[PDB]
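Engineer: I'm passing along work_4.cif; it holds mmCIF, C-alpha atoms and all ligand atoms.
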data_data
loop_
_atom_site.group_PDB
_atom_site.id
_atom_site.type_symbol
_atom_site.label_atom_id
_atom_site.label_comp_id
_atom_site.auth_asym_id
_atom_site.auth_seq_id
_atom_site.Cartn_x
_atom_site.Cartn_y
_atom_site.Cartn_z
ATOM 1 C CA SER A 411 -2.760 -49.009 -5.292
ATOM 2 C CA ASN A 412 -3.823 -51.045 -8.334
ATOM 3 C CA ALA A 413 -0.769 -49.282 -9.839
ATOM 4 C CA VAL A 414 2.756 -50.087 -11.125
ATOM 5 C CA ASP A 415 6.099 -48.201 -11.201
ATOM 6 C CA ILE A 416 7.878 -50.136 -13.967
ATOM 7 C CA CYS A 417 8.713 -49.002 -17.542
ATOM 8 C CA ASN A 418 10.087 -50.652 -20.705
ATOM 9 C CA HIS A 419 7.738 -53.592 -19.926
ATOM 10 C CA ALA A 420 5.474 -55.952 -21.861
ATOM 11 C CA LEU A 421 1.928 -54.882 -21.088
ATOM 12 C CA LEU A 422 -0.247 -57.963 -21.499
ATOM 13 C CA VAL A 423 -4.042 -57.663 -21.661
ATOM 14 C CA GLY A 424 -5.721 -60.939 -20.662
ATOM 15 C CA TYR A 425 -4.410 -63.999 -18.808
ATOM 16 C CA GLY A 426 -6.747 -66.708 -20.128
ATOM 17 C CA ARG A 427 -5.836 -69.493 -22.570
ATOM 18 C CA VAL A 428 -3.691 -67.201 -24.712
ATOM 19 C CA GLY A 429 -2.353 -64.678 -22.175
ATOM 20 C CA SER A 430 -1.321 -67.269 -19.568
ATOM 21 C CA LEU A 431 0.881 -68.988 -22.139
ATOM 22 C CA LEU A 432 2.530 -65.660 -23.086
ATOM 23 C CA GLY A 433 2.866 -64.659 -19.471
ATOM 24 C CA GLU A 434 4.661 -67.826 -18.447
ATOM 25 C CA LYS A 435 7.129 -67.568 -21.320
ATOM 26 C CA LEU A 436 7.693 -63.800 -20.891
ATOM 27 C CA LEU A 437 8.397 -64.356 -17.170
ATOM 28 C CA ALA A 438 10.918 -67.085 -17.980
ATOM 29 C CA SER A 439 12.653 -64.694 -20.415
ATOM 30 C CA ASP A 440 13.118 -61.908 -17.812
ATOM 31 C CA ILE A 441 11.030 -59.445 -19.861
ATOM 32 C CA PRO A 442 9.352 -57.138 -17.338
ATOM 33 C CA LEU A 443 5.627 -58.000 -17.331
ATOM 34 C CA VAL A 444 2.501 -56.200 -16.259
ATOM 35 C CA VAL A 445 -0.857 -57.910 -16.791
ATOM 36 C CA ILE A 446 -4.207 -56.187 -17.112
ATOM 37 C CA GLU A 447 -7.209 -58.430 -16.331
ATOM 38 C CA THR A 448 -10.918 -57.823 -15.678
ATOM 39 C CA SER A 449 -10.952 -61.008 -13.605
ATOM 40 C CA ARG A 450 -10.367 -60.437 -9.898
ATOM 41 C CA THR A 451 -9.546 -64.131 -9.529
ATOM 42 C CA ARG A 452 -6.807 -63.947 -12.145
ATOM 43 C CA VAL A 453 -5.337 -60.702 -10.743
ATOM 44 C CA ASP A 454 -5.291 -62.190 -7.212
ATOM 45 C CA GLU A 455 -3.536 -65.335 -8.555
ATOM 46 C CA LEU A 456 -0.947 -63.264 -10.435
ATOM 47 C CA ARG A 457 -0.188 -61.037 -7.444
ATOM 48 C CA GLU A 458 0.062 -64.105 -5.157
ATOM 49 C CA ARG A 459 2.758 -65.259 -7.608
ATOM 50 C CA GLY A 460 4.695 -61.948 -7.627
ATOM 51 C CA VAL A 461 3.484 -60.851 -11.067
ATOM 52 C CA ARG A 462 2.439 -57.193 -11.486
ATOM 53 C CA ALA A 463 -1.284 -57.143 -12.354
ATOM 54 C CA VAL A 464 -3.778 -54.304 -12.743
ATOM 55 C CA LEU A 465 -7.485 -55.116 -12.221
ATOM 56 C CA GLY A 466 -9.797 -53.475 -14.742
ATOM 57 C CA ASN A 467 -10.754 -53.162 -18.383
ATOM 58 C CA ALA A 468 -7.953 -52.219 -20.798
ATOM 59 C CA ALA A 469 -10.471 -49.978 -22.650
ATOM 60 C CA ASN A 470 -10.400 -47.683 -19.605
ATOM 61 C CA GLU A 471 -7.768 -44.893 -19.843
ATOM 62 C CA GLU A 472 -7.231 -44.822 -16.048
ATOM 63 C CA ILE A 473 -6.487 -48.550 -16.147
ATOM 64 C CA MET A 474 -3.884 -48.013 -18.916
ATOM 65 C CA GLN A 475 -2.255 -45.239 -16.846
ATOM 66 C CA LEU A 476 -2.229 -47.482 -13.765
ATOM 67 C CA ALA A 477 -0.416 -50.070 -15.914
ATOM 68 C CA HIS A 478 2.086 -47.516 -17.325
ATOM 69 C CA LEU A 479 1.034 -47.891 -20.957
ATOM 70 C CA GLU A 480 2.864 -44.581 -21.557
ATOM 71 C CA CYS A 481 6.290 -46.249 -21.122
ATOM 72 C CA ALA A 482 5.619 -49.905 -22.033
ATOM 73 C CA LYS A 483 7.711 -51.431 -24.855
ATOM 74 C CA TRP A 484 4.964 -53.792 -25.993
ATOM 75 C CA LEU A 485 1.187 -53.824 -25.841
ATOM 76 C CA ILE A 486 -0.077 -57.376 -26.254
ATOM 77 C CA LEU A 487 -3.816 -57.881 -26.638
ATOM 78 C CA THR A 488 -5.001 -61.436 -26.030
ATOM 79 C CA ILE A 489 -8.745 -60.749 -25.695
ATOM 80 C CA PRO A 490 -10.939 -62.718 -28.110
ATOM 81 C CA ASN A 491 -13.062 -59.983 -29.655
ATOM 82 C CA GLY A 492 -11.219 -58.207 -32.469
ATOM 83 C CA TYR A 493 -13.495 -55.173 -32.554
ATOM 84 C CA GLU A 494 -12.983 -54.610 -28.831
ATOM 85 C CA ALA A 495 -9.235 -55.117 -29.344
ATOM 86 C CA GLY A 496 -9.255 -52.636 -32.277
ATOM 87 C CA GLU A 497 -10.710 -49.910 -30.082
ATOM 88 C CA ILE A 498 -7.938 -50.403 -27.503
ATOM 89 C CA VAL A 499 -5.314 -50.445 -30.264
ATOM 90 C CA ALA A 500 -6.663 -47.180 -31.730
ATOM 91 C CA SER A 501 -6.439 -45.436 -28.388
ATOM 92 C CA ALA A 502 -2.937 -46.710 -27.519
ATOM 93 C CA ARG A 503 -1.515 -45.881 -30.964
ATOM 94 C CA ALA A 504 -2.898 -42.298 -30.954
ATOM 95 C CA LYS A 505 -0.809 -41.642 -27.855
ATOM 96 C CA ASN A 506 2.350 -43.523 -28.936
ATOM 97 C CA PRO A 507 3.511 -44.145 -32.541
ATOM 98 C CA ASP A 508 6.420 -46.236 -31.369
ATOM 99 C CA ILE A 509 4.916 -48.827 -29.050
ATOM 100 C CA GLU A 510 4.886 -52.328 -30.565
ATOM 101 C CA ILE A 511 1.253 -53.515 -30.619
ATOM 102 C CA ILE A 512 0.277 -57.171 -31.131
ATOM 103 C CA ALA A 513 -3.315 -58.422 -31.101
ATOM 104 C CA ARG A 514 -5.450 -61.537 -31.400
ATOM 105 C CA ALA A 515 -8.296 -62.004 -33.896
ATOM 106 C CA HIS A 516 -10.520 -64.717 -35.363
ATOM 107 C CA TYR A 517 -11.996 -63.258 -38.534
ATOM 108 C CA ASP A 518 -10.536 -61.456 -41.549
ATOM 109 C CA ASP A 519 -12.692 -58.365 -40.934
ATOM 110 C CA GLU A 520 -11.290 -58.156 -37.397
ATOM 111 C CA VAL A 521 -7.752 -58.378 -38.718
ATOM 112 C CA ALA A 522 -8.471 -55.491 -41.094
ATOM 113 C CA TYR A 523 -10.170 -53.409 -38.402
ATOM 114 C CA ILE A 524 -7.226 -53.879 -35.996
ATOM 115 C CA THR A 525 -4.547 -53.242 -38.656
ATOM 116 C CA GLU A 526 -6.377 -50.067 -39.790
ATOM 117 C CA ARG A 527 -6.125 -48.845 -36.161
ATOM 118 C CA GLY A 528 -2.355 -49.249 -36.055
ATOM 119 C CA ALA A 529 -1.410 -52.710 -34.725
ATOM 120 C CA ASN A 530 2.027 -53.887 -35.823
ATOM 121 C CA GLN A 531 0.956 -57.549 -35.807
ATOM 122 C CA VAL A 532 -2.374 -59.337 -35.747
ATOM 123 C CA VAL A 533 -2.453 -63.057 -35.051
ATOM 124 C CA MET A 534 -5.611 -64.837 -36.303
ATOM 125 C CA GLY A 535 -6.207 -68.119 -34.488
ATOM 126 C CA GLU A 536 -7.848 -69.924 -37.384
ATOM 127 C CA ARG A 537 -5.013 -69.055 -39.767
ATOM 128 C CA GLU A 538 -2.499 -70.411 -37.262
ATOM 129 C CA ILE A 539 -4.591 -73.598 -36.887
ATOM 130 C CA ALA A 540 -4.476 -74.209 -40.653
ATOM 131 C CA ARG A 541 -0.782 -73.380 -40.868
ATOM 132 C CA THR A 542 0.123 -75.707 -37.985
ATOM 133 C CA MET A 543 -2.027 -78.534 -39.375
ATOM 134 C CA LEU A 544 -0.311 -78.223 -42.759
ATOM 135 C CA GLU A 545 3.057 -78.374 -41.007
ATOM 136 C CA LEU A 546 1.982 -81.623 -39.337
ATOM 137 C CA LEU A 547 0.664 -83.052 -42.629
ATOM 138 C CA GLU A 548 3.944 -82.139 -44.409
ATOM 139 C CA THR A 549 6.116 -83.842 -41.788
ATOM 140 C CA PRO A 550 7.413 -87.273 -42.801
ATOM 141 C CA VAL B 414 -17.038 -92.757 -53.734
ATOM 142 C CA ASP B 415 -14.358 -93.662 -56.304
ATOM 143 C CA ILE B 416 -11.379 -92.772 -54.124
ATOM 144 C CA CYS B 417 -9.023 -94.231 -51.495
ATOM 145 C CA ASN B 418 -5.829 -93.168 -49.624
ATOM 146 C CA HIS B 419 -7.173 -89.624 -49.600
ATOM 147 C CA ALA B 420 -7.275 -86.759 -47.129
ATOM 148 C CA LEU B 421 -10.791 -86.697 -45.692
ATOM 149 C CA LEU B 422 -11.338 -83.132 -44.546
ATOM 150 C CA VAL B 423 -14.271 -82.269 -42.335
ATOM 151 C CA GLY B 424 -15.244 -78.599 -42.514
ATOM 152 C CA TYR B 425 -14.347 -76.011 -45.131
ATOM 153 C CA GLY B 426 -14.664 -72.704 -43.245
ATOM 154 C CA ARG B 427 -11.860 -70.427 -42.037
ATOM 155 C CA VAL B 428 -9.634 -73.396 -41.154
ATOM 156 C CA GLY B 429 -10.687 -76.098 -43.598
ATOM 157 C CA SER B 430 -10.666 -73.831 -46.626
ATOM 158 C CA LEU B 431 -7.092 -72.680 -45.927
ATOM 159 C CA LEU B 432 -5.962 -76.253 -45.466
ATOM 160 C CA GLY B 433 -7.895 -77.642 -48.436
ATOM 161 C CA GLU B 434 -6.472 -75.081 -50.858
ATOM 162 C CA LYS B 435 -2.921 -76.092 -49.881
ATOM 163 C CA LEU B 436 -3.757 -79.807 -50.122
ATOM 164 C CA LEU B 437 -5.271 -79.308 -53.596
ATOM 165 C CA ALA B 438 -2.149 -77.338 -54.657
ATOM 166 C CA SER B 439 0.016 -80.215 -53.432
ATOM 167 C CA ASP B 440 -2.000 -82.750 -55.493
ATOM 168 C CA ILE B 441 -3.152 -84.607 -52.327
ATOM 169 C CA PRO B 442 -6.329 -86.525 -53.164
ATOM 170 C CA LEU B 443 -9.137 -84.789 -51.206
ATOM 171 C CA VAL B 444 -12.723 -85.412 -50.074
ATOM 172 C CA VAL B 445 -14.563 -82.769 -48.068
ATOM 173 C CA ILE B 446 -17.511 -83.342 -45.724
ATOM 174 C CA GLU B 447 -19.540 -80.186 -44.962
ATOM 175 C CA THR B 448 -22.921 -79.482 -43.439
ATOM 176 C CA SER B 449 -23.099 -76.368 -45.629
ATOM 177 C CA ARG B 450 -24.945 -77.010 -48.886
ATOM 178 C CA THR B 451 -23.509 -73.725 -50.163
ATOM 179 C CA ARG B 452 -19.917 -74.826 -49.485
ATOM 180 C CA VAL B 453 -20.493 -78.282 -50.985
ATOM 181 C CA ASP B 454 -21.899 -76.751 -54.187
ATOM 182 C CA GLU B 455 -18.900 -74.352 -54.484
ATOM 183 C CA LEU B 456 -16.465 -77.219 -54.083
ATOM 184 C CA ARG B 457 -18.221 -79.416 -56.640
ATOM 185 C CA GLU B 458 -18.261 -76.514 -59.145
ATOM 186 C CA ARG B 459 -14.443 -76.651 -58.913
ATOM 187 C CA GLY B 460 -14.339 -80.466 -59.360
ATOM 188 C CA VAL B 461 -13.543 -81.135 -55.675
ATOM 189 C CA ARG B 462 -15.171 -84.222 -54.194
ATOM 190 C CA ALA B 463 -17.549 -83.178 -51.431
ATOM 191 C CA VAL B 464 -20.230 -84.909 -49.374
ATOM 192 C CA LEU B 465 -23.110 -82.947 -47.847
ATOM 193 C CA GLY B 466 -23.867 -84.004 -44.300
ATOM 194 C CA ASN B 467 -22.714 -84.212 -40.734
ATOM 195 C CA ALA B 468 -19.410 -86.104 -40.282
ATOM 196 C CA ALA B 469 -20.869 -87.814 -37.229
ATOM 197 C CA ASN B 470 -23.411 -89.605 -39.477
ATOM 198 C CA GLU B 471 -22.204 -93.106 -40.436
ATOM 199 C CA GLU B 472 -23.754 -93.069 -43.917
ATOM 200 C CA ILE B 473 -22.006 -89.738 -44.539
ATOM 201 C CA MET B 474 -18.627 -91.180 -43.500
ATOM 202 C CA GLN B 475 -19.322 -94.137 -45.815
ATOM 203 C CA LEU B 476 -20.079 -91.826 -48.769
ATOM 204 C CA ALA B 477 -16.716 -90.151 -48.070
ATOM 205 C CA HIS B 478 -14.763 -93.454 -47.978
ATOM 206 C CA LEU B 479 -13.557 -93.041 -44.397
ATOM 207 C CA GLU B 480 -12.828 -96.712 -44.286
ATOM 208 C CA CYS B 481 -10.068 -96.403 -46.863
ATOM 209 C CA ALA B 482 -8.939 -92.792 -46.301
ATOM 210 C CA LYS B 483 -5.339 -92.014 -45.329
ATOM 211 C CA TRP B 484 -5.925 -88.980 -43.102
ATOM 212 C CA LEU B 485 -8.951 -87.696 -41.303
ATOM 213 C CA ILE B 486 -8.666 -83.972 -40.658
ATOM 214 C CA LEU B 487 -11.272 -82.381 -38.389
ATOM 215 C CA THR B 488 -11.481 -78.600 -38.656
ATOM 216 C CA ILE B 489 -14.696 -78.065 -36.749
ATOM 217 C CA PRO B 490 -14.562 -75.796 -33.695
ATOM 218 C CA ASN B 491 -16.532 -77.951 -31.208
ATOM 219 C CA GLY B 492 -13.844 -80.129 -29.655
ATOM 220 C CA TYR B 493 -16.196 -82.483 -27.816
ATOM 221 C CA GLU B 494 -18.193 -83.020 -31.019
ATOM 222 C CA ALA B 495 -14.877 -83.703 -32.804
ATOM 223 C CA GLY B 496 -13.891 -86.259 -30.138
ATOM 224 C CA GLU B 497 -17.008 -88.390 -30.883
ATOM 225 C CA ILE B 498 -16.280 -88.279 -34.597
ATOM 226 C CA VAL B 499 -12.680 -89.274 -33.862
ATOM 227 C CA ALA B 500 -13.854 -92.239 -31.752
ATOM 228 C CA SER B 501 -16.315 -93.426 -34.446
ATOM 229 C CA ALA B 502 -13.667 -93.075 -37.164
ATOM 230 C CA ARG B 503 -10.940 -94.783 -35.150
ATOM 231 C CA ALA B 504 -13.214 -97.786 -34.608
ATOM 232 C CA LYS B 505 -13.925 -98.029 -38.367
ATOM 233 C CA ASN B 506 -10.382 -97.370 -39.614
ATOM 234 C CA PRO B 507 -7.778 -98.434 -37.003
ATOM 235 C CA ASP B 508 -4.805 -97.133 -39.002
ATOM 236 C CA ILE B 509 -6.047 -93.709 -40.209
ATOM 237 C CA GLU B 510 -3.956 -90.645 -39.138
ATOM 238 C CA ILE B 511 -6.340 -88.311 -37.338
ATOM 239 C CA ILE B 512 -5.711 -84.590 -36.758
ATOM 240 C CA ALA B 513 -8.256 -82.292 -35.106
ATOM 241 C CA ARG B 514 -8.903 -78.711 -34.052
ATOM 242 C CA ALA B 515 -9.563 -77.661 -30.438
ATOM 243 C CA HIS B 516 -9.929 -74.460 -28.449
ATOM 244 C CA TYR B 517 -9.789 -75.624 -24.809
ATOM 245 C CA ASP B 518 -7.509 -77.880 -22.791
ATOM 246 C CA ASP B 519 -10.378 -80.266 -21.951
ATOM 247 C CA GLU B 520 -10.936 -80.877 -25.672
ATOM 248 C CA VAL B 521 -7.211 -81.506 -26.331
ATOM 249 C CA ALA B 522 -7.094 -84.232 -23.659
ATOM 250 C CA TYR B 523 -10.463 -85.689 -24.721
ATOM 251 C CA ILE B 524 -9.830 -85.765 -28.440
ATOM 252 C CA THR B 525 -6.466 -87.455 -27.765
ATOM 253 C CA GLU B 526 -8.120 -89.981 -25.433
ATOM 254 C CA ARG B 527 -10.755 -90.723 -28.110
ATOM 255 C CA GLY B 528 -7.902 -91.680 -30.471
ATOM 256 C CA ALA B 529 -6.562 -88.655 -32.374
ATOM 257 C CA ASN B 530 -2.939 -88.679 -33.403
ATOM 258 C CA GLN B 531 -2.619 -84.885 -33.274
ATOM 259 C CA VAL B 532 -4.623 -82.001 -31.889
ATOM 260 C CA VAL B 533 -4.039 -78.362 -32.739
ATOM 261 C CA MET B 534 -5.413 -75.883 -30.208
ATOM 262 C CA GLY B 535 -6.004 -72.482 -31.737
ATOM 263 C CA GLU B 536 -5.350 -70.471 -28.626
ATOM 264 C CA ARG B 537 -2.069 -72.304 -27.976
ATOM 265 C CA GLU B 538 -0.941 -71.518 -31.531
ATOM 266 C CA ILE B 539 -1.886 -67.856 -31.118
ATOM 267 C CA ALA B 540 0.373 -67.659 -28.025
ATOM 268 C CA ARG B 541 3.158 -69.545 -29.857
ATOM 269 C CA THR B 542 3.005 -67.171 -32.800
ATOM 270 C CA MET B 543 2.930 -64.051 -30.630
ATOM 271 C CA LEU B 544 5.967 -65.285 -28.699
ATOM 272 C CA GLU B 545 7.821 -65.785 -31.977
ATOM 273 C CA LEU B 546 6.980 -62.148 -32.823
ATOM 274 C CA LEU B 547 8.351 -61.187 -29.411
ATOM 275 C CA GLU B 548 11.383 -63.427 -28.722
HETATM 276 N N1 LIG C 601 -11.143 -55.494 -22.071
HETATM 277 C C1 LIG C 601 -10.463 -56.346 -21.278
HETATM 278 N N2 LIG C 601 -9.575 -55.954 -20.333
HETATM 279 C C2 LIG C 601 -8.885 -56.820 -19.567
HETATM 280 N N3 LIG C 601 -9.057 -58.161 -19.660
HETATM 281 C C3 LIG C 601 -9.940 -58.678 -20.572
HETATM 282 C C4 LIG C 601 -10.702 -57.789 -21.439
HETATM 283 N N4 LIG C 601 -11.472 -58.552 -22.255
HETATM 284 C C5 LIG C 601 -11.226 -59.840 -21.914
HETATM 285 N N5 LIG C 601 -10.310 -59.901 -20.920
HETATM 286 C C6 LIG C 601 -9.761 -61.142 -20.320
HETATM 287 O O1 LIG C 601 -9.059 -61.797 -21.382
HETATM 288 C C7 LIG C 601 -8.997 -63.210 -21.131
HETATM 289 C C8 LIG C 601 -9.217 -63.913 -22.483
HETATM 290 O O2 LIG C 601 -9.161 -65.313 -22.223
HETATM 291 P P1 LIG C 601 -8.794 -66.394 -23.382
HETATM 292 O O3 LIG C 601 -9.875 -66.152 -24.412
HETATM 293 O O4 LIG C 601 -9.047 -67.651 -22.603
HETATM 294 O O5 LIG C 601 -7.356 -66.153 -23.826
HETATM 295 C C9 LIG C 601 -10.095 -63.503 -20.089
HETATM 296 O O6 LIG C 601 -9.483 -64.014 -18.889
HETATM 297 C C10 LIG C 601 -10.764 -62.153 -19.818
HETATM 298 O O7 LIG C 601 -11.008 -61.900 -18.434
HETATM 299 N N1 LIG C 602 -20.185 -82.029 -37.819
HETATM 300 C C1 LIG C 602 -19.851 -81.360 -38.960
HETATM 301 N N2 LIG C 602 -19.782 -81.956 -40.162
HETATM 302 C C2 LIG C 602 -19.429 -81.291 -41.297
HETATM 303 N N3 LIG C 602 -19.122 -79.969 -41.288
HETATM 304 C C3 LIG C 602 -19.141 -79.277 -40.106
HETATM 305 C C4 LIG C 602 -19.518 -79.945 -38.864
HETATM 306 N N4 LIG C 602 -19.499 -79.049 -37.847
HETATM 307 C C5 LIG C 602 -19.117 -77.867 -38.406
HETATM 308 N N5 LIG C 602 -18.924 -78.029 -39.749
HETATM 309 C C6 LIG C 602 -18.455 -77.014 -40.697
HETATM 310 O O1 LIG C 602 -17.109 -76.668 -40.303
HETATM 311 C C7 LIG C 602 -16.827 -75.323 -40.696
HETATM 312 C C8 LIG C 602 -16.186 -74.586 -39.518
HETATM 313 O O2 LIG C 602 -15.879 -73.259 -39.933
HETATM 314 P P1 LIG C 602 -14.670 -72.400 -39.324
HETATM 315 O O3 LIG C 602 -14.956 -72.374 -37.843
HETATM 316 O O4 LIG C 602 -14.862 -71.061 -40.014
HETATM 317 O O5 LIG C 602 -13.392 -73.146 -39.673
HETATM 318 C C9 LIG C 602 -18.182 -74.684 -41.059
HETATM 319 O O6 LIG C 602 -18.209 -74.348 -42.449
HETATM 320 C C10 LIG C 602 -19.231 -75.718 -40.700
HETATM 321 O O7 LIG C 602 -20.275 -75.819 -41.675
HETATM 322 MG MG MG C 603 -16.311 -76.465 -23.565
#
What does this structure look like when you write it as structure tokens?

Structural biologist:
Amino acid sequence: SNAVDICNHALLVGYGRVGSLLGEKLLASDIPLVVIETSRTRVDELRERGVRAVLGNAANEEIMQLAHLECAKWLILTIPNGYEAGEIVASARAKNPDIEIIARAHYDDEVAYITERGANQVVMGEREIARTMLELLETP
Amino acid sequence: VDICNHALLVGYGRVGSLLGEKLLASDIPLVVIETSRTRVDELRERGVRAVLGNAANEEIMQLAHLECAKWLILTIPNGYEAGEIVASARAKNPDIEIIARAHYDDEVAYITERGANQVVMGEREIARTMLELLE
């Protein structure tokens, strides 16, 4: 079907370095999870493991419908390009003011672009690197 | 070249600049190595010690007093490049605390194997932070 029936779920875009770590934790926490991936290999792996996964690009409206964006509680973007992410965020937000949207970025101008398009939270890798390094340096 | 027991920070871009500003605010003695002439000039204009060159170059490390530094902090994105720098530094300064940036699991393992005390992988920290926002 390439389709899901579930609602009130975390809709996770990407299952690479970032998404796989979120996925594994979300699954442990019994938060209903649907993953969208462009990678056939990753979708096949996820399905083999009993995780709901929709194959396709999250920028495609039919793919979002297949993944039940309309009734998801969270939209979590873990793709690396912040402009691409911003476009997805814009489209999701237009259709639902309430959905919690979290996205990845790597540059300040991406953060701004994504935030302007309605994300609740943007997580910038390089800021988290600096913050975590400072935490290590400040530890006795 | 007048300084010891300092933080020796390699890179002053998105990561290094955020870290360096906090270190300066905390009165931690600091030396920055950068390949960017522009970044070196900006730092020196503010009275921050900075050495222009590649951190893999021995003479450059020497100008930055690696041999008597307290921490070596690598904030460059290329993990395998960082691992070689880590190895060279660890040979020259057996006691130095070494922290480095990485973006892939192969780099984390490698940089550790080459002698780093700590590795921070950006993509891992993105996932950690998102989970905190979630759970
Ligand atoms: N527009 C998109 N729709 C669905 N998956 C994507 C899209 N863009 C990137 N990805 C996936 O996101 C993951 C990002 O991996 P990483 O950078 O390792 O966290 C990769 O596995 C890509 O296949
Ligand atoms: N081998 C190196 N030695 C000194 N500086 C470096 C080296 N490799 C990269 N850089 C600098 O590290 C910074 C990385 O920037 P960012 O990825 O924005 O944190 C840049 O400003 C580069 O000029
Ligand atoms: Mg690589």

Engineer: Based on all atoms listed in the file, which of the residues in chain A come within 12 Å of chain B? I want them as an mmCIF file with C-alpha atoms, keeping the file's coordinate frame.

Structural biologist:
data_model
loop_
_atom_site.group_PDB
_atom_site.id
_atom_site.type_symbol
_atom_site.label_atom_id
_atom_site.label_comp_id
_atom_site.auth_asym_id
_atom_site.auth_seq_id
_atom_site.Cartn_x
_atom_site.Cartn_y
_atom_site.Cartn_z
ATOM 1 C CA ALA A 420 5.474 -55.952 -21.861
ATOM 2 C CA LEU A 422 -0.247 -57.963 -21.499
ATOM 3 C CA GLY A 424 -5.721 -60.939 -20.662
ATOM 4 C CA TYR A 425 -4.410 -63.999 -18.808
ATOM 5 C CA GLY A 426 -6.747 -66.708 -20.128
ATOM 6 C CA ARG A 427 -5.836 -69.493 -22.570
ATOM 7 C CA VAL A 428 -3.691 -67.201 -24.712
ATOM 8 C CA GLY A 429 -2.353 -64.678 -22.175
ATOM 9 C CA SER A 430 -1.321 -67.269 -19.568
ATOM 10 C CA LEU A 431 0.881 -68.988 -22.139
ATOM 11 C CA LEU A 432 2.530 -65.660 -23.086
ATOM 12 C CA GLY A 433 2.866 -64.659 -19.471
ATOM 13 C CA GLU A 434 4.661 -67.826 -18.447
ATOM 14 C CA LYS A 435 7.129 -67.568 -21.320
ATOM 15 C CA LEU A 436 7.693 -63.800 -20.891
ATOM 16 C CA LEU A 437 8.397 -64.356 -17.170
ATOM 17 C CA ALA A 438 10.918 -67.085 -17.980
ATOM 18 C CA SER A 439 12.653 -64.694 -20.415
ATOM 19 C CA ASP A 440 13.118 -61.908 -17.812
ATOM 20 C CA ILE A 441 11.030 -59.445 -19.861
ATOM 21 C CA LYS A 483 7.711 -51.431 -24.855
ATOM 22 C CA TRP A 484 4.964 -53.792 -25.993
ATOM 23 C CA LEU A 485 1.187 -53.824 -25.841
ATOM 24 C CA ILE A 486 -0.077 -57.376 -26.254
ATOM 25 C CA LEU A 487 -3.816 -57.881 -26.638
ATOM 26 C CA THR A 488 -5.001 -61.436 -26.030
ATOM 27 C CA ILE A 489 -8.745 -60.749 -25.695
ATOM 28 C CA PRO A 490 -10.939 -62.718 -28.110
ATOM 29 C CA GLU A 510 4.886 -52.328 -30.565
ATOM 30 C CA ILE A 511 1.253 -53.515 -30.619
ATOM 31 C CA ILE A 512 0.277 -57.171 -31.131
ATOM 32 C CA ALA A 513 -3.315 -58.422 -31.101
ATOM 33 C CA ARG A 514 -5.450 -61.537 -31.400
ATOM 34 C CA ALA A 515 -8.296 -62.004 -33.896
ATOM 35 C CA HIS A 516 -10.520 -64.717 -35.363
ATOM 36 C CA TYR A 517 -11.996 -63.258 -38.534
ATOM 37 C CA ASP A 518 -10.536 -61.456 -41.549
ATOM 38 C CA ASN A 530 2.027 -53.887 -35.823
ATOM 39 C CA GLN A 531 0.956 -57.549 -35.807
ATOM 40 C CA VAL A 532 -2.374 -59.337 -35.747
ATOM 41 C CA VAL A 533 -2.453 -63.057 -35.051
ATOM 42 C CA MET A 534 -5.611 -64.837 -36.303
ATOM 43 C CA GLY A 535 -6.207 -68.119 -34.488
ATOM 44 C CA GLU A 536 -7.848 -69.924 -37.384
ATOM 45 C CA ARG A 537 -5.013 -69.055 -39.767
ATOM 46 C CA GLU A 538 -2.499 -70.411 -37.262
ATOM 47 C CA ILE A 539 -4.591 -73.598 -36.887
ATOM 48 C CA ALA A 540 -4.476 -74.209 -40.653
ATOM 49 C CA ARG A 541 -0.782 -73.380 -40.868
ATOM 50 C CA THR A 542 0.123 -75.707 -37.985
ATOM 51 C CA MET A 543 -2.027 -78.534 -39.375
ATOM 52 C CA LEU A 544 -0.311 -78.223 -42.759
ATOM 53 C CA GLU A 545 3.057 -78.374 -41.007
ATOM 54 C CA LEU A 546 1.982 -81.623 -39.337
ATOM 55 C CA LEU A 547 0.664 -83.052 -42.629
ATOM 56 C CA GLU A 548 3.944 -82.139 -44.409
#

Engineer: Mind giving me the straight-line distance from CA of residue 412 (chain A) to atom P1 of ligand LIG 601 (chain C) in Å, one decimal?

Structural biologist: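 That distance, rounded to one decimal, is 22.1 Å.
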
Engineer: Evaluate the PyMOL selection byres (((not hetatm)) within 8 of (chain C and resi 603)) and record the selected residues as a list in words, following the chain and residue labels used in the document.

Structural biologist: residues 491, 492, 493, 517, 519 and 520 of chain B

Engineer: Box for region 450-466 of chain B: with edges along x, y and z, all listed atoms inside and 4 Å added on each side, what are the centre and edge lengths in Å to one decimal, as AutoDock Vina command-line options?

Structural biologist:
--center_x -19.2 --center_y -79.3 --center_z -51.8 --size_x 19.4 --size_y 19.2 --size_z 23.1

Engineer: Please write the residues picked by the PyMOL selection byres (((chain B and resi 474) around 12) and not hetatm) on this file as a PyMOL selection string.

Structural biologist: chain B and resi 414+421-423+444-447+463-473+475-482+485+498-499+501-503+505-506

Engineer: Which polymer residues have any atom within 8 Å of an atom of residue 477 (chain A), counting only C-alpha atoms, with same-chain residues fewer than 5 positions away left out, as a count of residues only?

Structural biologist: 8

Engineer: Using only C-alpha atoms, which of the listed residues (A:482, A:524, A:474, A:456) sits closest to residue 418 (chain A)?

Structural biologist: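 Closest to residue 418 (chain A), using only C-alpha atoms: A:482.
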
Engineer: Please report the interatomic distance between CA of residue 530 (chain B) and CA of residue 511 (chain B) in Å with one decimal.

Structural biologist: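 Here the two named atoms are 5.2 Å from each other.
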
Engineer: Pick out the residues sitting within 6 Å of residue 483 (chain B), and hand them over as a PyMOL selection string; count all atoms listed in the file, and ignore anything fewer than 3 positions along from it in its own chain.

Structural biologist: chain B and resi 418-420+509

Engineer: Do you know which residues the PyMOL selection byres (((chain A and resi 506) around 12) and not hetatm) returns on this file, as a list in words?

Structural biologist: residues 479, 480, 481, 482, 483, 484, 485, 499, 500, 501, 502, 503, 504, 505, 507, 508, 509, 510, 511, 528 and 529 of chain A
